[PDB]
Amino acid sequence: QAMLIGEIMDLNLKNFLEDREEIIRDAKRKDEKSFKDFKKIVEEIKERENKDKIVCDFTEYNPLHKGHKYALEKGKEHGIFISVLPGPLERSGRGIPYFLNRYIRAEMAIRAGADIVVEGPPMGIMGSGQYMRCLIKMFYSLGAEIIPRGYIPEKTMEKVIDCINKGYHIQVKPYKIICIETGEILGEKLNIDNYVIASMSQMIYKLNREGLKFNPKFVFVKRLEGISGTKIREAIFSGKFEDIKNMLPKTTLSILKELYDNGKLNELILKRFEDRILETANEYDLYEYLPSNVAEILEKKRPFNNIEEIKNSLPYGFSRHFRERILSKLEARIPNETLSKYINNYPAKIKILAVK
């Protein structure tokens, strides 16, 4: 096993470093042909499926559980299904490594029914407003007409859905979920899994105000369960895959069970390159990779011996996402200039991870 663990580690690093180069190229150039190539693929798929509409969703599929597959299949009743599956650097909406790489997650998506899987943005080095702006821009660029989203039912979600179904949009403030156009306060809070819908709605409103002509229709899929991806991943990391199998569809188990049965799954689980993080924290001009205030604080307190000391050196009271984003930035070494450019030019290309 030592040689195999080494190959896997080397591949993870090489993939990470190729991703970084990809981000740097996309910051400076649009690949116009990829957009034309995508358009041709969609036309062909629509022809074959006898469907006229493009259905898109933001899908981490980390891993793809029964609720995800249910939502996907319901989405497909409305058109061809495109999974927008992040992303370069393999750092997630939570700021952290994905459980498995995106090629594996894309194969989960195709097996579950996705017609096309498009590579999503490098989520983990962005704030959540930044990555949501990117996601909506990708949906626009793909020609998305329907967004089929799974939700956890609750009384505030009834009112959110009523607001959206009237053609209105959601704003989120602390302890307020608002129907922007009517001003109505719909409730104080959503289930944590439901904030993605509110966030998408709010960003669509913002981008429309800024001139983006984009008005997709949401299709809401009431989930039959409250499966938590965090809990699924913790069980698998702890060696308790067998305890959570029942929450995963056979199409996801068709990949995971063989790996697990053969003692190969654990080794594939992605983790941080902590040496890179320490090397950037200790040796680089932190002002070119991090925000000023953070660059100042960490530069004062260095050198650090470990990630924990970096984390504890960060300003007090800021969010877990913030701390994980800083770590991902230290890890990725993408200059602020080039990330800004990346976000402003996004999407620079449509990369197809997999197609049915």
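Numbering starts at 1 and runs along the sequence shown.
Two stretches are in play, 53-61 and 22-30, and the higher mean C-alpha B-factor belongs to 22-30.
Stretches compared: 280-288, 169-177. Higher mean C-alpha B-factor in the entry: 280-288. Reading the B-factor column for the CA atoms of 323, 36, 329, 68 in the entry, the top value corresponds to 36. Among all modelled residues in this chain, the alpha-carbon of residue 255 has a temperature factor (C-alpha) in the middle third. Among all modelled residues in its chain, residue 275 ranks in the highest third by Cα B-factor.
Per the deposited record, the Cα B-factor of residue 5 falls in the lowest third when ranked against the other modelled residues of its chain.
Residue 208 sits in the lowest third of its chain by CA B factor, as recorded in the PDB entry.
Ranked against the other modelled residues of its chain, the C-alpha B-factor of residue 219 as given in the entry falls in the middle third.
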